[PDB]
Ligand SMILES: [Mg+2]
Ligand SMILES: [Zn+2]
């Protein structure tokens, strides 16, 4: 009957204020949010605010973009969905008419409306929200709304592996065993790769990498990453190197890890500049940045529903919605022990 939202009142400080229940436009669904994931971008938003200040002096800055729930109402022209459907949402709604949308790259649309961002700052941390039916997806019966929430980061890794043309016979190195690195690992497995090395510095993440199917795990703090990778690839380098931690160490490392003619994929981020040794990759190596996802939700939902892609095992912490402040503090303070945290929104 009533709504509320968690707002970034000032960087580092969340609270929950009242909000009106949105009315779905004729092509939208109205969803009762049940789970909201916490990823790097939300934690950075909590710490710094959005990097474009709101045009409005006292704009209510929402947070959260990975979410799922149950349809409560639908707009008058919605046929795909009905009240009671459990769904997730793809949080980036592109313009649909620019050169990039029309060319199959809507993810890089210059007018994408992405949750908890620039023009509108609509956060998924709320009891009720509206979303276009075209970017909402029904969950299989064997997939709960917490799994539906984690389709979004899984889609990030799926898009990277698909962009990279992962295939059997391609040796893969994944730099980073955080959430996105583990998603990329499982995506590489779904695309048939059989030799996957995963590099991180935390033994708990490498334990999870091995559980999720890494062929070899390498602790860059206790081992020589370049030497161990050269052994892994028989001194030839890997066909594909994924950089997923967004750190300077890893990006600068990837040139030394890839084979001639191979690919380096930068899965998101990299906030600072990084010095690249192009001499080491002068034989037609490709470096490509990877940005969110395009047309990946169905195949990712498929992969999770089948059991081949395990997102439930990645959830290490579940926070109640009214405890959202601690959820974001711990996501900063105890980053060491969190693979993936989610926020449960019950009444
Ligand atoms: Mg995400
Ligand atoms: Zn567009």
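Summary table
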quantity: Residue within the stretch 269-279 that is surrounded by 15 or more Cβ atoms within 10 Å (Cβ to Cβ) and in a helix (DSSP H, G or I) present; calculated: no
quantity: Filter pass, residue 148 being part of a loop (DSSP other than H, G, I, E, B), under 30 Å from residue 25 (Cβ atoms), under 17 Å from the mean Cα position of the chain (by Cα) and more than 16 Å from ligand 2 (Cβ to nearest atom); calculated: no
quantity: Odd one out for residue 121 among (1) within 16 Å of ligand 2 (Cβ to nearest atom); (2) within 26 Å of residue 46 (Cα to Cα); (3) assigned to a loop (DSSP other than H, G, I, E, B); calculated: (1)
quantity: Verdict on residue 41 being in contact (Cβ under 8 Å) with a residue 24 or more places away in the chain, out of contact with any helix residue (DSSP H, G or I) (no Cβ under 8 Å at 6 or more places or on another chain) and in a helix (DSSP H, G or I); calculated: yes
quantity: Residue in the stretch 172-191 that is at positive phi, within 16 Å of ligand 1 (Cβ to nearest atom) and outside the structural domain of residue 9 (by CATH) present; calculated: yes
quantity: Long-range neighbours under 6 Å by Cβ, at least six apart or interchain, first residue over 15 Å from residue 133 (Cα atoms) and touching a residue at least 12 places away in the same chain (Cβ under 8 Å) within the stretch 83-112, second within 8 Å of ligand 2 (Cβ to nearest atom) and not in a loop (DSSP other than H, G, I, E, B); calculated: 108/100; 109/100; 109/101
quantity: Residue identified as over 24 Å from residue 304 (Cβ atoms) and within 16 Å of ligand 1 (Cβ to nearest atom) among 119, 57, 50; calculated: 50
quantity: Residue match in the stretch 287-305 (condition: outside any helix (DSSP H, G or I), without any contact (Cβ under 8 Å) to a residue 12 or more places away in the chain and surrounded by fewer than 22 Cβ atoms within 10 Å (Cβ to Cβ)); calculated: no
quantity: The stretch 73-97, residues that are farther than 20 Å from residue 299 by Cβ, more than 11 Å from ligand 2 (Cβ to nearest atom) and surrounded by fewer than 17 Cβ atoms within 10 Å (Cβ to Cβ); calculated: 76, 77, 79, 82, 83, 84
quantity: Test result for residue 332, closer than 30 Å to residue 127 by Cβ and surrounded by fewer than 17 Cβ atoms within 10 Å (Cβ to Cβ); calculated: yes
quantity: Sole residue being part of a strand (DSSP E or B), over 18 Å from the mean Cα position of the chain (by Cα) and free of Cβ contacts under 8 Å to residues at least 40 places away in the same chain, chosen from 264, 240; calculated: 264
quantity: Residues located in the stretch 70-97, provided they are within 24 Å of the chain's Cα centre (by Cα), part of a strand (DSSP E or B) and more than 16 Å from ligand 1 (Cβ to nearest atom); calculated: 70, 71, 86, 87
quantity: Residue 100 being within 16 Å of ligand 2 (Cβ to nearest atom) and outside any loop (DSSP other than H, G, I, E, B); calculated: yes
quantity: Qualifying positions in the stretch 1-24 - loosely packed, with under 15 Cβ neighbours inside 10 Å, over 24 Å from the mean Cα position of the chain (by Cα) and assigned to a loop (DSSP other than H, G, I, E, B); calculated: 1, 2, 20, 23
quantity: Residues of the stretch 174-233 satisfying the condition of being buried (at least 24 other Cβ atoms within 10 Å of the Cβ) and part of a strand (DSSP E or B); calculated: 174, 175, 196, 197, 198, 199, 200, 218
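The values are calculated or read from the model by the stated rules, or taken from the named source; no laboratory instrument gave them. All Cβ positions, even for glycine, are placed from backbone atoms using ideal geometry, and neighbour counts span all protein chains on display.
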